[PDB]
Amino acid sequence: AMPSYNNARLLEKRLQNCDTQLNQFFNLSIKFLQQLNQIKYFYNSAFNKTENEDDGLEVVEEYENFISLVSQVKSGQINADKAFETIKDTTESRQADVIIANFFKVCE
């Protein structure tokens, strides 16, 4: 992993499963690929900025919950509004709210 605290490498292995799971979902428009790359840049960059294992674990868990929501939206289990409601209160950055809500509506 990029952070240097102990066991970050183990957390990195779960970052890559999320990135791989996103690719396998959509496996397209250039615009969608830019939004897809924006999402993966958001979570990977957020993990690389963590400085202790608790913060790195919270980002990895947040990426994993996002992956679960994408599958539920893309497979038609819930609509994009249900998905965005699930994480809007725990998402502090409003710029993250915008890209995550837009990505849910794309999958629908």
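Each residue number is its position in the shown sequence, starting from 1.
Count the deposited residues lacking coordinates between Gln34 and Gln35 and you get none at all. Per-stretch averaging of Cα B factors for 46-54 and 68-76 places 46-54 on top. The stretch with the higher mean CA B factor, choosing between 2-10 and 98-106, is 2-10.
Ranking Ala83, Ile39, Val60, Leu28 by Cα temperature factor from the entry places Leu28 first.
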